[PDB]
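J.: Please read through the structure below; I'll follow up with questions.
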Amino acid sequence: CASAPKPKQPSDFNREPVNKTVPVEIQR
Amino acid sequence: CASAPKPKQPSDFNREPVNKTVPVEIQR
Amino acid sequence: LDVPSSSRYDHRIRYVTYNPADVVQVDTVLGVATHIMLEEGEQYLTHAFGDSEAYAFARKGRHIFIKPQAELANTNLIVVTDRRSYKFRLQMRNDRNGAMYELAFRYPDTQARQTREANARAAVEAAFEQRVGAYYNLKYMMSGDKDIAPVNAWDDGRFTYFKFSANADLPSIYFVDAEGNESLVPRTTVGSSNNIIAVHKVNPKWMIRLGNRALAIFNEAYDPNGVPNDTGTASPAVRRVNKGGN
Amino acid sequence: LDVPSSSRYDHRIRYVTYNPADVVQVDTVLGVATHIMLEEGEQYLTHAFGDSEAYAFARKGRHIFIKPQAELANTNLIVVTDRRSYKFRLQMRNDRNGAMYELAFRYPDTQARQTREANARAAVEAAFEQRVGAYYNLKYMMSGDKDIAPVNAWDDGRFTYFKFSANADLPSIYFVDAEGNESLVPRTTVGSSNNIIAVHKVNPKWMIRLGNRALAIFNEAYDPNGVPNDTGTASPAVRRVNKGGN
Amino acid sequence: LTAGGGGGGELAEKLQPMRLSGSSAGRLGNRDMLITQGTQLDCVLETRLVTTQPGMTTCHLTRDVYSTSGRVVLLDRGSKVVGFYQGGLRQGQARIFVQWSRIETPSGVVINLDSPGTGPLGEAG
Amino acid sequence: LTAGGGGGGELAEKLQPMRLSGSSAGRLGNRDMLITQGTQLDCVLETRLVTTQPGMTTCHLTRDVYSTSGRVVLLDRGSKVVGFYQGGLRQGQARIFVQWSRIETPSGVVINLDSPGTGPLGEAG
Amino acid sequence: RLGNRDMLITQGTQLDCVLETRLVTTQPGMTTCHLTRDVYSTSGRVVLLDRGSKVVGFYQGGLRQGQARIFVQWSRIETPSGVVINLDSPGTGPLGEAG
Amino acid sequence: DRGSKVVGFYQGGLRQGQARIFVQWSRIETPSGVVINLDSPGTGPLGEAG
């Protein structure tokens, strides 16, 4: 009858790059 | 039916600056 | 042969600086007790006389007493402990002059280790207090029960400080996340009169509660980046280094 | 024959370089006890004398004291430990001069091995740090609750790195497979300020959770083939060789 | 190398005397470095409390606590008190017994007070 | 080769004194290398928790934890805490007792904290 | 402080294996699974357990009414190169839920 | 003197039919520092027990 809730599933709409700038750990 | 009450929420109306004057701990 | 160096008040008290590659020339006279003092916390392991009968040895912790019990008692004492091994060349004095009442040791390496640490601590406190080149954020707003409000609130990019007046009870401050849930944040109470609560985080919204009153603090200039903590301490001029090795 | 060499402070403090195929010349005098030290952490097995009564043997762990008990004590002491077997040729001196208070060993083989170990560690650390010939993939997109988002994400072909700002809590990162299920993936927190989370797997989709906010990370240039791990370490310039033999 | 009639069973057991020993007054030693019994420390609860499982509490002093002479501030304000509860409630009970175990002054002073925690007006638990 | 009257039973029993020994204040030694009791470590739960069977848990610190004086970062962010639960729930309980047992800093420091795990606001379990 | 972190897998590491033997809890029994991924050291620089290593565990005692998970103890893992280490560790689901 | 502070305690709760709890007062501290251990019953305003 009742089952355990699932965690929030993120929306798949506002897809944007993670990397706005090249990291310094890449040394660039 | 009965759930543990939440604490008071503050009214979001009277929004005024915390800092009326610059502190002396900022050396000012 | 390191010869004990006599003091300025009396000849009976002579000081020697330890040297692992050198021995101690102890000039004992007849019928006295020579009090050799070890370093504190030094655990005596074993000793070995040239003659077990020439000198009378009694030891209590780090206290050494010896006493000649025969004529022409020229032998050696090699007492070995957990930290080092002492070396003595017990040369009897025949005319009973210029006695040696106690032998005191000076350790150069230990004194250097203790003075280096003290100088390091002094530099650490100076660097913690100097607090140079920090940037302060004062764009804070509040709304709610103003009777428990701080008189000032700011942050330096690492901690958030709330300053309370002398007559105000110090309230409890809670970290508020995006959904509005509150969670404990660690705080340290600083200031000359203990009027400042320093919480260990920079956050856009805060919650202040005292009894059944609540106040909301809003950071109007939240910097999502901040300044990284490369040193391990709350100051950019004091490094935290790994001592334990292992 | 090994004649130990005296120090430059006292001539009665001699050292000798251990040579397993050679005995040491011990120049004992009357009434002066000689201290013989084994290496740190050595287990004494047994000793054997040329004459039991000519010399007096007392041992405490790695410490050994000997002292003559008879005239014309020209004999030998052979003592064995697990690491090696020490050889002593005890020659009594008639005129009671040039005694040996303490004899120490300079082991050449143990320090030769300890030098190879330190060179090996230096070379391995240099190899790890050099990180040469690495190809990076920055084609990462994200969608979800952006308030727990990294400031950078990339991978080198072996690990995936998520970099978080200084003011952001480090969230939990999960491994999303084709059907959409999540499963734990191991991670190590690297970076100077502990801001980078390196997970040990390259995957097309990831999931970031912190509390009740979730964010999804998509690899837009997923390479199924990858680069093989022929060495056993994270770096192509360090092997992992089997020591256990067996 | 080294040196070496008796009756009246009911009425006579009800007339058994109750002798309570007298007491003699003392004196407190130094009242500038002393906080005596019954002093009320006012702290503000930090951790939300739920009495399902035994647990540790935490509250912070709101006011400076002076000595009995009322001249020296002995427990600074913002001190962190640490307590604990256990055992849960029974039917009909509406207050849990909290014991506070240790308080830590912002300057470093640490004193083991094992004192009952009370409500805002001193009612137990 | 090798050399070698007493009556008043109820009222006199109810008047028995409760003498509680006093305390003496101490002082914390080094507060730049100390995390005192009651400190709140905020970690994010890694493992999904189902209390059918006893089990090990795991959570990662979200923020640097500072010393008592708040000047040195003692437990870095991203450290890995490890704990366990057991015994299941009873009827009427909605919280399980999780005890955290060890924590491992990203630089290799390991310290056995056998502390209770609580909710986001300190509620036990 | 941990001694060598290049030769160390510490507590709470999540080893991810794929179950080989179909599991039926009528009788006490022995399970088996194979690591799907290389398991790195704590420093994350040396591969200590290879992929394809064979873990061996067991269960016993069955289920009780209301229980939908069995407790599996993993007992040993044997690397493709010969290394054998006795990890007596709990077995969990894909997200660490016990049993 | 007046203003002395007295400290007491109770325990055991009430039974049914009881409307008074037995309080025992333990110590008293004079405003000048005197301390005497009186272990005495606490009564009401007119000396009724508990």
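Please note that chains go A, B, ... in the order of the structure tokens, that every chain numbers its residues from 1, and that ligands are numbered from 1 in the order shown.
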For chain E versus chain F, which residues have an atom no more than 9 Å away, and what is each residue's nearest atom pair and distance in Å rounded to one decimal, using only C-alpha atoms, chain-then-number order, as CSV?
T.:
```
residue,atom,partner,partner_atom,distance
E:13,CA,F:7,CA,7.7
E:14,CA,F:7,CA,7.6
E:15,CA,F:7,CA,7.7
E:16,CA,F:7,CA,4.6
E:17,CA,F:5,CA,5.0
E:18,CA,F:7,CA,4.9
E:19,CA,F:5,CA,6.3
E:20,CA,F:12,CA,8.0
E:36,CA,F:22,CA,9.0
E:46,CA,F:122,CA,7.9
E:47,CA,F:122,CA,4.4
E:48,CA,F:123,CA,5.3
E:49,CA,F:123,CA,5.0
E:50,CA,F:123,CA,5.4
E:51,CA,F:124,CA,7.4
E:52,CA,F:93,CA,6.1
E:53,CA,F:124,CA,5.8
E:54,CA,F:124,CA,6.5
E:55,CA,F:124,CA,5.0
E:56,CA,F:124,CA,7.2
E:57,CA,F:122,CA,7.5
E:58,CA,F:38,CA,6.2
E:80,CA,F:38,CA,7.7
E:81,CA,F:38,CA,8.0
E:82,CA,F:38,CA,6.0
E:83,CA,F:38,CA,8.7
E:102,CA,F:37,CA,8.7
E:104,CA,F:36,CA,8.5
E:106,CA,F:69,CA,8.1
E:107,CA,F:69,CA,8.6
E:108,CA,F:28,CA,5.4
E:109,CA,F:27,CA,4.5
E:110,CA,F:26,CA,5.1
E:111,CA,F:25,CA,4.4
E:112,CA,F:23,CA,6.3
E:113,CA,F:23,CA,6.7
E:114,CA,F:23,CA,8.9
```
J.: Looking only at the backbone, which of the residues in chain H does DSSP tag as strand (DSSP E), as a count of residues only?
T.: 18
J.: Excluding region 40-51 of chain G and any residue of its chain fewer than 5 positions from it, enumerate the residues within 10 Å of it, using only C-alpha atoms, and give them as an MDAnalysis selection string.
T.: (chainID D and resid 128 159 186:190 198:200 229 231:235 238:240) or (chainID F and resid 104 106:108) or (chainID G and resid 2 4:11 13 15:17 34:35 77:81 83:85)
J.: The selected residues should be written to file as a compact mmCIF listing (two decimals), in the first residue's frame (atoms: N, CA and C atoms).
T.:
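Contents of part_5.txt, as written:
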```txt
# COMPACT_ATOMS: atom_id res chain seq x y z
N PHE D 128 54.85 10.36 -9.18
CA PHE D 128 53.45 10.67 -8.94
C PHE D 128 53.16 12.14 -9.22
N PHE D 159 40.01 9.27 -13.13
CA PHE D 159 39.21 9.77 -12.03
C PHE D 159 38.37 10.93 -12.55
N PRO D 186 33.61 5.22 -4.49
CA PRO D 186 34.60 5.76 -3.56
C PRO D 186 35.15 7.09 -4.03
N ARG D 187 35.54 7.92 -3.07
CA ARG D 187 36.07 9.23 -3.40
C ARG D 187 37.21 9.56 -2.46
N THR D 188 38.10 10.43 -2.92
CA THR D 188 39.10 11.04 -2.06
C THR D 188 39.05 12.54 -2.25
N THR D 189 39.18 13.27 -1.15
CA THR D 189 39.14 14.72 -1.16
C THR D 189 40.55 15.25 -1.32
N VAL D 190 40.82 15.90 -2.45
CA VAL D 190 42.16 16.36 -2.77
C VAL D 190 42.12 17.86 -2.98
N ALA D 198 37.62 13.83 -5.81
CA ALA D 198 38.00 12.93 -6.89
C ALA D 198 37.32 11.60 -6.66
N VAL D 199 36.43 11.22 -7.55
CA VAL D 199 35.82 9.90 -7.53
C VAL D 199 36.59 9.01 -8.48
N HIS D 200 36.62 7.72 -8.17
CA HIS D 200 37.58 6.80 -8.74
C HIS D 200 37.07 6.12 -10.00
N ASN D 229 44.99 0.39 -17.25
CA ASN D 229 45.86 0.49 -16.07
C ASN D 229 46.84 -0.67 -16.06
N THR D 231 49.82 -0.67 -14.94
CA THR D 231 50.82 -0.58 -13.89
C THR D 231 50.33 -0.99 -12.52
N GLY D 232 49.11 -0.63 -12.14
CA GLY D 232 48.64 -0.92 -10.81
C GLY D 232 48.54 0.28 -9.90
N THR D 233 49.00 1.44 -10.34
CA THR D 233 48.90 2.69 -9.62
C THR D 233 48.04 3.66 -10.41
N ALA D 234 47.82 4.83 -9.83
CA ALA D 234 47.08 5.87 -10.54
C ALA D 234 47.91 6.55 -11.61
N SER D 235 49.20 6.28 -11.68
CA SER D 235 50.07 6.98 -12.59
C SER D 235 50.77 6.00 -13.52
N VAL D 238 54.60 4.72 -12.29
CA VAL D 238 54.89 3.98 -11.07
C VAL D 238 54.29 2.60 -11.20
N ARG D 239 55.12 1.57 -11.03
CA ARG D 239 54.62 0.20 -11.01
C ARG D 239 54.08 -0.15 -9.64
N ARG D 240 53.42 -1.30 -9.57
CA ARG D 240 53.09 -1.93 -8.31
C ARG D 240 53.62 -3.35 -8.37
N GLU F 104 38.32 10.08 9.75
CA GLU F 104 39.58 10.00 9.04
C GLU F 104 39.77 11.22 8.15
N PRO F 106 41.31 13.81 5.44
CA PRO F 106 41.91 13.53 4.14
C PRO F 106 43.42 13.49 4.15
N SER F 107 44.07 14.02 5.18
CA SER F 107 45.52 14.00 5.28
C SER F 107 46.04 12.82 6.07
N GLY F 108 45.17 11.98 6.61
CA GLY F 108 45.58 10.76 7.26
C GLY F 108 45.38 10.69 8.74
N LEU G 2 47.69 7.54 10.23
CA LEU G 2 47.79 6.28 9.52
C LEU G 2 49.18 6.10 8.95
N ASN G 4 51.07 4.04 6.38
CA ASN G 4 51.28 4.23 4.95
C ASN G 4 49.90 4.23 4.33
N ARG G 5 49.55 5.31 3.66
CA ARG G 5 48.24 5.40 3.04
C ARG G 5 48.26 4.98 1.59
N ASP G 6 49.40 4.53 1.08
CA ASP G 6 49.47 3.94 -0.24
C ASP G 6 49.28 2.44 -0.20
N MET G 7 49.24 1.86 0.98
CA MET G 7 49.07 0.43 1.16
C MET G 7 47.98 0.15 2.18
N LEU G 8 46.91 0.92 2.11
CA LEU G 8 45.89 0.93 3.14
C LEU G 8 44.53 1.16 2.51
N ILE G 9 43.57 0.31 2.87
CA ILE G 9 42.16 0.53 2.58
C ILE G 9 41.47 0.64 3.93
N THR G 10 40.90 1.80 4.20
CA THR G 10 40.46 2.12 5.55
C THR G 10 39.00 1.75 5.76
N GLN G 11 38.53 1.90 7.00
CA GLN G 11 37.16 1.54 7.32
C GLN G 11 36.18 2.36 6.50
N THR G 13 35.27 2.04 3.45
CA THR G 13 35.43 2.02 2.01
C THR G 13 34.34 1.17 1.40
N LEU G 15 33.40 -1.17 -1.38
CA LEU G 15 33.80 -2.10 -2.42
C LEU G 15 32.55 -2.46 -3.21
N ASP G 16 32.62 -2.36 -4.52
CA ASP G 16 31.47 -2.62 -5.37
C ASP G 16 31.68 -3.91 -6.14
N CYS G 17 30.94 -4.95 -5.78
CA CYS G 17 31.06 -6.24 -6.43
C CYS G 17 29.73 -6.60 -7.08
N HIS G 34 32.10 -10.80 -7.43
CA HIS G 34 33.32 -10.36 -8.08
C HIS G 34 33.37 -8.85 -8.14
N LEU G 35 34.48 -8.27 -7.72
CA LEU G 35 34.63 -6.83 -7.80
C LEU G 35 34.50 -6.39 -9.25
N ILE G 77 38.69 -12.00 0.32
CA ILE G 77 38.79 -11.60 -1.07
C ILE G 77 40.13 -12.07 -1.59
N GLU G 78 40.16 -12.51 -2.84
CA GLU G 78 41.34 -13.10 -3.44
C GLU G 78 41.60 -12.46 -4.78
N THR G 79 42.60 -11.66 -4.85
CA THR G 79 42.96 -10.86 -6.00
C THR G 79 43.41 -11.75 -7.16
N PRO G 80 43.22 -11.31 -8.41
CA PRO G 80 43.70 -12.12 -9.54
C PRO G 80 45.18 -12.43 -9.50
N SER G 81 45.98 -11.65 -8.79
CA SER G 81 47.42 -11.86 -8.76
C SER G 81 47.87 -12.74 -7.61
N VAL G 83 46.93 -12.23 -4.06
CA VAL G 83 46.83 -11.64 -2.74
C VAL G 83 45.54 -12.09 -2.08
N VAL G 84 45.59 -12.38 -0.79
CA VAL G 84 44.45 -12.86 -0.04
C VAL G 84 44.37 -12.07 1.26
N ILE G 85 43.23 -11.44 1.51
CA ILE G 85 43.06 -10.68 2.74
C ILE G 85 41.71 -11.00 3.35
```
J.: Would you mind listing, as a compact mmCIF listing (two decimals) with C-alpha atoms, in the first residue's frame, all residues of chain C that have at least one atom within 12 Å of chain B, where only C-alpha atoms are what counts?
T.:
```
# COMPACT_ATOMS: atom_id res chain seq x y z
CA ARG C 131 45.36 39.98 11.10
CA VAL C 132 46.47 41.97 8.05
CA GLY C 133 44.73 42.39 4.71
CA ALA C 134 41.25 41.04 5.53
CA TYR C 135 38.07 42.10 3.75
CA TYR C 136 34.88 42.81 5.70
CA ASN C 137 31.27 42.43 4.56
CA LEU C 138 28.70 44.68 6.25
CA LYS C 139 25.66 44.22 3.99
CA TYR C 140 23.47 42.48 6.56
CA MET C 141 19.72 42.95 7.04
CA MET C 142 17.34 41.69 9.70
CA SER C 143 13.62 41.13 10.12
CA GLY C 144 11.71 39.66 13.03
CA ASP C 145 11.83 40.14 16.79
CA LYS C 146 14.15 43.14 16.95
CA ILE C 148 17.05 40.14 20.37
CA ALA C 149 18.87 41.79 17.49
CA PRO C 150 22.64 42.28 17.43
CA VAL C 151 23.97 45.80 17.45
CA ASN C 152 26.35 44.88 14.59
CA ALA C 153 26.94 41.98 12.23
CA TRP C 154 29.66 41.40 9.65
CA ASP C 155 31.98 38.75 8.26
CA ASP C 156 35.57 38.56 7.06
CA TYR C 161 30.34 37.83 13.72
CA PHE C 162 27.27 39.05 15.57
CA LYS C 163 27.90 41.77 18.15
CA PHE C 164 25.44 42.08 21.03
CA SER C 165 24.99 44.92 23.48
CA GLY C 180 14.51 27.11 4.93
CA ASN C 181 15.55 24.24 7.18
CA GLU C 182 17.73 25.13 10.14
CA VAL C 190 34.82 36.20 21.38
CA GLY C 191 35.30 39.83 22.30
CA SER C 192 36.67 41.61 25.34
CA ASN C 195 29.78 40.34 23.34
CA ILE C 196 30.54 38.76 19.94
CA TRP C 206 20.75 33.04 9.47
CA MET C 207 18.31 32.36 12.29
CA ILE C 208 18.50 33.85 15.78
CA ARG C 209 16.27 32.42 18.51
CA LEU C 210 15.84 33.18 22.20
CA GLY C 211 12.90 31.53 23.90
CA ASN C 212 9.82 32.19 21.80
CA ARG C 213 11.32 35.05 19.79
CA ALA C 214 12.97 34.73 16.39
CA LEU C 215 14.98 37.05 14.18
CA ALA C 216 16.16 36.47 10.61
CA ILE C 217 19.52 37.79 9.41
CA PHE C 218 20.09 38.20 5.67
CA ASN C 219 23.49 38.43 3.99
CA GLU C 220 22.97 40.83 1.11
```
J.: Excluding region 88-94 of chain G and residues on its chain fewer than 4 positions from it, collect all residues at most 7 Å away from it, counting only C-alpha atoms, and give them as a list in words.
T.: residues 183 and 184 of chain D; 55 of chain F; 71, 72, 73, 74, 75, 76, 98 and 99 of chain G
J.: Pick from C:26, C:221, C:227, C:185: nearest to chain F, with only C-alpha atoms counted?
T.: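 Of C:26, C:221, C:227, C:185, the one nearest chain F, counting only C-alpha atoms, is C:185.
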J.: Define the interface residues of chain D facing chain C as those within 10 Å, counting only C-alpha atoms, and report them as a PyMOL selection string.
T.: chain D and resi 6-14+30-35+58-61+63-68+101-102+145+147-148+151+164-169+191-195+211-213
J.: For the alpha helix (DSSP H) assignment from backbone DSSP, which residues of region 4-199 of chain D qualify? Please present them as number ranges by chain.
T.: D: 108-130
J.: Would you list which chain E residues are within 7 Å of chain C using only C-alpha atoms, as a PDB file with N, CA and C atoms, in the first residue's frame?
T.:
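Below you can see selection_21.pdb, which holds the result:
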```
ATOM      1  N   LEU E   1      80.504  -5.940  38.717  1.00  0.00           N
ATOM      2  CA  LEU E   1      80.140  -4.796  37.887  1.00  0.00           C
ATOM      3  C   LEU E   1      79.195  -3.850  38.614  1.00  0.00           C
ATOM      4  N   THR E   2      78.205  -4.388  39.319  1.00  0.00           N
ATOM      5  CA  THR E   2      77.242  -3.580  40.055  1.00  0.00           C
ATOM      6  C   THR E   2      77.139  -4.096  41.479  1.00  0.00           C
ATOM      7  N   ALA E   3      76.867  -3.194  42.416  1.00  0.00           N
ATOM      8  CA  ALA E   3      76.638  -3.586  43.797  1.00  0.00           C
ATOM      9  C   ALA E   3      75.298  -4.299  43.911  1.00  0.00           C
ATOM     10  N   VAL E  44      20.325  28.927  27.077  1.00  0.00           N
ATOM     11  CA  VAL E  44      19.375  28.825  25.977  1.00  0.00           C
ATOM     12  C   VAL E  44      19.638  27.524  25.235  1.00  0.00           C
ATOM     13  N   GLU E  46      20.241  24.755  22.693  1.00  0.00           N
ATOM     14  CA  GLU E  46      20.712  24.761  21.318  1.00  0.00           C
ATOM     15  C   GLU E  46      20.130  23.616  20.507  1.00  0.00           C
ATOM     16  N   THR E  62      23.296  32.485  28.724  1.00  0.00           N
ATOM     17  CA  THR E  62      22.881  33.779  28.210  1.00  0.00           C
ATOM     18  C   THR E  62      23.428  34.949  29.010  1.00  0.00           C
ATOM     19  N   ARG E  63      23.748  34.742  30.280  1.00  0.00           N
ATOM     20  CA  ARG E  63      24.132  35.814  31.176  1.00  0.00           C
ATOM     21  C   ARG E  63      25.390  35.413  31.924  1.00  0.00           C
ATOM     22  N   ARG E  77      29.481  34.582  29.786  1.00  0.00           N
ATOM     23  CA  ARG E  77      28.322  34.318  28.952  1.00  0.00           C
ATOM     24  C   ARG E  77      28.747  33.742  27.615  1.00  0.00           C
ATOM     25  N   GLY E  78      27.933  32.839  27.097  1.00  0.00           N
ATOM     26  CA  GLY E  78      28.327  32.060  25.957  1.00  0.00           C
ATOM     27  C   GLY E  78      29.023  30.770  26.296  1.00  0.00           C
ATOM     28  N   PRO E 106      34.239  30.466  27.750  1.00  0.00           N
ATOM     29  CA  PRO E 106      34.941  30.856  26.522  1.00  0.00           C
ATOM     30  C   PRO E 106      36.428  31.064  26.697  1.00  0.00           C
TER      31      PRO E 106
END
```
J.: Counting only C-alpha atoms, which residues from chain H have an atom at most 8 Å from any atom of chain E, and could you show them as a compact mmCIF listing (two decimals) with C-alpha atoms, in the first residue's frame?
T.:
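Full text of iface.txt as output:
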```txt
# COMPACT_ATOMS: atom_id res chain seq x y z
CA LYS H 5 18.87 30.97 50.45
CA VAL H 6 17.53 27.54 51.38
CA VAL H 7 17.96 24.48 49.16
CA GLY H 33 28.50 33.32 54.18
CA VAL H 34 27.25 31.21 57.07
CA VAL H 35 26.21 27.70 56.09
CA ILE H 36 24.25 25.30 58.28
CA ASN H 37 22.95 21.87 57.28
CA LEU H 38 19.35 21.87 58.44
```
